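Q: Build me a model:
(chains A, B, C, D, E and F)
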Amino acid sequence: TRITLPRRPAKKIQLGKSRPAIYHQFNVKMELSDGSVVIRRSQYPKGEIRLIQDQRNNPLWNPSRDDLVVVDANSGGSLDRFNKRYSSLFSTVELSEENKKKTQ
Amino acid sequence: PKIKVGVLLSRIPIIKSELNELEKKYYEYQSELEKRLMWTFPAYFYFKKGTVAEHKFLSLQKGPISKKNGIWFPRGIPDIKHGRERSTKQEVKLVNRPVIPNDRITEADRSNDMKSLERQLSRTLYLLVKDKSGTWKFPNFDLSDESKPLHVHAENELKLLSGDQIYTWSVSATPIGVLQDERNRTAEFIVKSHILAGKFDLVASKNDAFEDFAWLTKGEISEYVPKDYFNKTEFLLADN
Amino acid sequence: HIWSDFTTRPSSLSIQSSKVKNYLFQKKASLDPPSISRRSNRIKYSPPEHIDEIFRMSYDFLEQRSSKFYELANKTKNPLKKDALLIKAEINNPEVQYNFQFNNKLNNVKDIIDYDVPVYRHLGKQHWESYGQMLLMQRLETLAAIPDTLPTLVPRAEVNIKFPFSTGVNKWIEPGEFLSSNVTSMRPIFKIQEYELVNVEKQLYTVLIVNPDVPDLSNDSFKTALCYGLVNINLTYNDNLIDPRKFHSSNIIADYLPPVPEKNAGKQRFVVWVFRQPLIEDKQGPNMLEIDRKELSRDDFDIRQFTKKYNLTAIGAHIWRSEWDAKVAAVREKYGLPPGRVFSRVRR
Amino acid sequence: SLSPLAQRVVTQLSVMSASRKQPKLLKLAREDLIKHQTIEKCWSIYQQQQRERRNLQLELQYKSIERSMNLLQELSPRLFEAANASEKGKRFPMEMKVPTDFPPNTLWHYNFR
Amino acid sequence: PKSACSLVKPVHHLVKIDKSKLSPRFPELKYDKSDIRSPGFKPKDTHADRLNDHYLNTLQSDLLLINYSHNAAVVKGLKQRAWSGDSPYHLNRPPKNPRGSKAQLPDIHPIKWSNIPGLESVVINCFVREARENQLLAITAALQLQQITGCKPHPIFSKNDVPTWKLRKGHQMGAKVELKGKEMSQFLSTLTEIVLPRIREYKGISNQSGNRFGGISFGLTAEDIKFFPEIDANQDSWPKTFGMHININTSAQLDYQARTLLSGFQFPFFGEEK
RNA sequence: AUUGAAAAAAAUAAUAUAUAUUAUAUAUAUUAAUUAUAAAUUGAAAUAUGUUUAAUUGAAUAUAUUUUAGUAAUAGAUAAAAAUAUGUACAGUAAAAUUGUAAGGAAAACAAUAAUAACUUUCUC
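A: Numbering: from 1, shown residues only, chains lettered A, B, ... in the order given. Below is the structure:
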């Protein structure tokens, strides 16, 4: 009951014709969070990428960084909808109003 | 013999090392050889049929010449499989603002500023400091207490010399070498440290030691350090 | 440019063809390859890209290194060290490679491959060590030629044989090959190619051919018979084809007798052995030695005692085999020998 | 005929495979063959020379360490024990990072913590 | 066959022999793999490697200074123990097994210039257990390893038989790839640069992990592989993704040397050491 | 041989032709191919013939012809999971146990686990 595609007669790679596998790759530039760019040899066909979050903006990798901007995936939620739909009620002064319930 | 602690700071390179002329041309030769043996690009997988991006890529590319009966070809009958001639390399032409890499030559390079930590991004900078005289050398700090390890003594004394404006790492408590002098009966121990943030900024106004500093590399260490001092430390530096 | 000058370096360290040199040293991709002759094939051929610029710098890199080695070679005095330094200086010359890999190494011409130059001597040694020596020793081993005749062999000189007079067809004999009685009926020649630095104005060689398979019905065993023997043969790195030109009747200690096997006497192995005479110093000219023809059995011949008595060092060998055929009788009468004996087909 | 998953996987296997996806063998002229050999020979020598230079530097560095240790031990054993202490859990500061092809927008920082 | 008795005849010469070079068959295996004339030829030094350079520039001398122990000596490993000679039964007795182990352990040499902890290989193990039913999914593993690592993946087939797990012997389930040289360097760099700094609860590699004599291993979950550039670009064509095992082999004699070494390549550690 | 560049050759081996010998050798010429093999209204590419725009010529443009797409694993003389269990030639060494690794645990897959005296070559002080 296993899903297995039937195997065809394997072609004979006789001795001496064993060519290496050289997969098509592109000299692709990787743009980090900062202006740092590293050239990476990749198969996917497009030359530049931006990394929204990377080692640059990770506290674990930069313990000494006092200022560290943080950005996460933008699919929907706070940064997307909670902000534009609630663009009047403002502040962390306001966070001190709901600071504690003063309950044991 | 009094013990004297010296500290050599190193600024690790921020960018990849530059390549020699032989390295540049040899690599180019190999890359072209690899492109000659390069495989066909499987565009039929990444670019699905009917996708607008797929059809944009097709127009973005230039097709190969196909074999055709009754027409002579000087360079040979075309051999195309999966839409690519098999007798030569294949060229695949590829906010979303374009990636503009930053220049590898900074302002400090053109201005020839010596105090800055960006004068040579791809090299290793060493903090060389001048004495009362014109003799430039690594900072030598004298201790008498002996209640602290030598590498810690250099670290704490360095921070108070820079006004707590530096962040240095102590690689190891093992001194790198000895610079013994017989005239003053002084034994000098060098400790390897790495600068992480901040600058030196000498602020000691008591004139206890040092007047000028620099962030030279090995090539420039040679021209400013005296030959005798240089000879006993040539091996403790990084070429690149 | 040490490699460019020819004030003292031999001319052999160069490409004789001008067109080849011009392309190999071309400054721009404007000359078509010489090797590919048909213009149609010339058009089809496509050189790899960015191969000229890197080659020029690679040439310079080696050029400087060769110059340093030559300077070092100038200040030394030991001939063995001097030869090693020279080989080390020029082994990387593209011209030397082109001259060697691409032209005959056996029948080398003095213009391209000169075996007086240490570099071509070294390259020839390595080449012979790759295939020829490896094949020879396997033939001598699996055919039990070594222990039967000599305790061992440590090759130092390629040996090749031929029978140009018998039939008139040119073919270098592969070791251990099977030869008819007609082919080996007249005489062998030798090409004792040396590769080790040796004083070729003083050193002398001997050549013996032995057949340790002749039946000995007295002891129900075999006995070794000397086939052909030459002594006091001079040689030269580039002219070392031993033939009736290069030796006289004084050198022949045993005139050649054809391989003449008997019917059902089994295969017979003829092992060529090439030694070198002792080199005694404190004397001018070669050390001619008078062989003692008195004993020289040539019918029951003991090579081991022969070598020990005259202090010969073996440097190369060759082997061929022979069985009975119809031509043996004709060979016997041609050489005026008694008719061969006929044996049984079974061992009992 | 065949399930869509099999069609997709066959395509993925096709990207793996080498069938009708490789060019003709690289054929070089006799003289370009010698050209290539000398290129590689230089590169081999060049890499060996760089490696030997690094090894020789490390030879001297170790020589310097031990002479420093020997002198520190004879003069002031109090510091020597601290110097000879193990570094089993030593870790490089994570602020140090491998060089990047091109520099960042901010080359350096003058503030810490 | 008349007999089954292997006995090689001794030879009478010292020259090393190799029947491959003097057999006319296979004229193309005679050429070395690196040789241009071989059909197996593949360029090696296409471009410079930044990670390797970093190790040779900065971390090389640093590690020598770190690990150096003054006048340290070789610590012999647990070897086989010989039989003390006190009975006539020890003449042909095989030696005893090591003290606490059934396998011999290697010696630990002091760190010097010649031996400085450094990388040597990285192996990716991927065992899709779900392939027991759908074999077609094992192919997706090879593609995933191919796209990410960039090298040809060698497939992984079953070896044991556990009925409790519906495990059958002799079926393909995963792929593995051996990485060395520059390609391994790129993988290690892109792992710490991109994939690692994208897990919400990531703390680092456990200090308890690692073979006693060099070698450190960790594992990436199914969702972590989506962070690779070559899957993030084509999420449409990657409906199913699944984890793998990573093993970094190094020249470190002991583990703690390796951990210090790998830390130089931007690897964090969180647990407590042994 | 014609086809953009302005007398030749001196290796092994392959192919084509020829001929010397009771010798599977020699002479000349040149360095092919090396992952393929029928069957596609439909996808892609190409040349030729016209048109429209934009001499030539760029793009689009209709037709004719052809080529790519049948997308399928071994790329290593492969080496302890499965299939060819008798011949020959070449080559290699298993197994347990231990330490680790996302699901993974006692039991799935991967990695590591005895010593370099002497010799050859290369680089180097």
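
Q: going forward, measure contacts between C-alpha atoms and count neighbours the same way
A: Fine.

Q: Tell me where the chain has helices.
A: Defaulting to chain A. Taking DSSP state H as the test, the helices found in chain A are A:83-85.

Q: oops, chain B please
A: For chain B, the helices defined by DSSP H cover B:21-36, B:43-46, B:52-60, B:107-111, B:150-161, B:218-224, B:227-231.

Q: Can you list the buried residues in the longest one?
A: Of the residues in helix B:21-36, those with enough neighbours to count as buried (16 or more other Cα atoms under 10 Å in any protein chain shown) are B:22-23, B:25-36.

Q: Which other helices and strands does it contact?
A: Here helix B:21-36 touches helix C:52-75, going by 3 or more Cα pairs under 8 Å, 6 or more residues apart in numbering or on different chains; DSSP states H and E.

Q: for residue C:109, what are its contacts?
A: Applying Cα atoms under 8 Å, 6 or more residues apart in numbering or on different chains to residue C:109 gives the contacts residue C:238.

Q: Tell me if it really is in a helix.
A: No - looking at residue C:109 with DSSP: H, G, I helix; E, B strand; the rest coil, it is coil, so not inside a helix.

Q: hang on, the earlier thing: so which of the helices of chain B is nearest residue D:21?
A: helix B:43-46 (11.5 Å; Cα to Cα).

Q: Could you pull out the buried residues of that closest one?
A: Neighbour-count burial for helix B:43-46 [16+ other Cα under 10 Å]: B:43, B:46.

Q: and what of stretch E:260-274?
A: E:260, E:261, E:262, E:263, E:264, E:265, E:266, E:267, E:268, E:269.

Q: Repeat that for stretch C:21-38.
A: C:21, C:23, C:24, C:32, C:33, C:34.

Q: quick one: contacts for the residue in chain D positioned nearest to chain A?
A: Nearest residue of chain D to chain A (Cα to the nearest Cα) works out as residue D:104 at 4.0 Å. By Cα under 8 Å, 6+ apart, the residues touching residue D:104 are A:34, A:35, A:36, A:37, B:102.

Q: Any chance of a markdown table for the buried residues of helix B:21-36, columns distance to residue E:1?
A: A markdown table is the format used below for the buried residues of helix B:21-36 (distance: Cα to Cα, whole Å):
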| residue | distance to residue E:1 |
| --- | --- |
| B:22 | 61 |
| B:23 | 60 |
| B:25 | 61 |
| B:26 | 57 |
| B:27 | 57 |
| B:28 | 58 |
| B:29 | 56 |
| B:30 | 53 |
| B:31 | 54 |
| B:32 | 55 |
| B:33 | 51 |
| B:34 | 50 |
| B:35 | 53 |
| B:36 | 51 |
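
Q: Let me know the closest of the residues you listed to RNA strand F.
A: Nearest to RNA strand F, judged by Cα to the nearest atom of the strand, of the buried residues of helix B:21-36 is residue B:36 at 13.0 Å.

Q: The closest one and residue A:57, how far apart?
A: From residue B:36 across to residue A:57, the span is 40 Å (Cα to Cα, to the nearest Å).

Q: measure stretch E:259-273 end to end?
A: Criterion Cα to Cα; first-to-last residue distance in stretch E:259-273 is 10 Å.

Q: Actually, stretch C:156-175.
A: 16 Å.

Q: next one: stretch E:219-230
A: Taking Cα to Cα, the first and last residues of stretch E:219-230 lie 19 Å apart.

Q: Which of the residues in that stretch are classified as buried?
A: Residues of stretch E:219-230 classed as buried by neighbour count (16+ other Cα under 10 Å): E:224, E:225, E:226, E:227, E:228, E:229, E:230.

Q: Can you pick out the most distant pair from the residues you listed?
A: E:224 and E:230 (12.8 Å).

Q: So what touches the longest helix seen in chain E?
A: Ordering each helix of chain E by length in residues (DSSP H) puts helix E:136-149 first. Residues from elsewhere that reach helix E:136-149 (Cα under 8 Å, 6+ apart): A:3-5, A:43, D:6, D:9, D:12-13, D:15-16, E:124, E:126, E:128, E:130-131, E:151-155, E:172-177, E:179, E:183-184, E:187, E:228, E:230.

Q: again, 7 Å this time
A: Identification of contacts with helix E:136-149 by Cα atoms under 7 Å, 6 or more residues apart in numbering or on different chains yields A:3-5, A:43, D:9, D:12-13, D:16, E:128, E:131, E:152-153, E:172-175, E:187, E:228, E:230.

Q: So which of those residues sit within helices?
A: Filtering the contacts of helix E:136-149 for helices - DSSP H - leaves D:9, D:12, D:13, D:16, E:187, E:230.

Q: from the residues you listed, which single one is nearest residue E:41?
A: Nearest to residue E:41 among those: residue D:16, at 19.5 Å, using Cα to Cα.

Q: where's the residue nearest to the closest one when sequence neighbours are not counted relative to RNA strand F, distance?
A: If the residues on either side of it in the chain are set aside, residue D:16 comes closest to residue E:143, at 6.7 Å by Cα to Cα, 6 or more residues apart in numbering or on different chains. Distance from residue E:143 to RNA strand F, counting by Cα to the nearest atom of the strand, to the nearest Å: 11 Å.

Q: Kindly report the same for residue B:150.
A: 32 Å.

Q: try residue E:65
A: 22 Å.

Q: same thing with residue E:206?
A: 6 Å.

Q: Next, count neighbours for that residue.
A: Each residue near residue E:206 was counted by other Cα atoms under 10 Å in any protein chain shown, and the total is 16.

Q: One more: residue A:89?
A: Neighbour count for residue A:89, taken as other Cα under 10 Å: 7.
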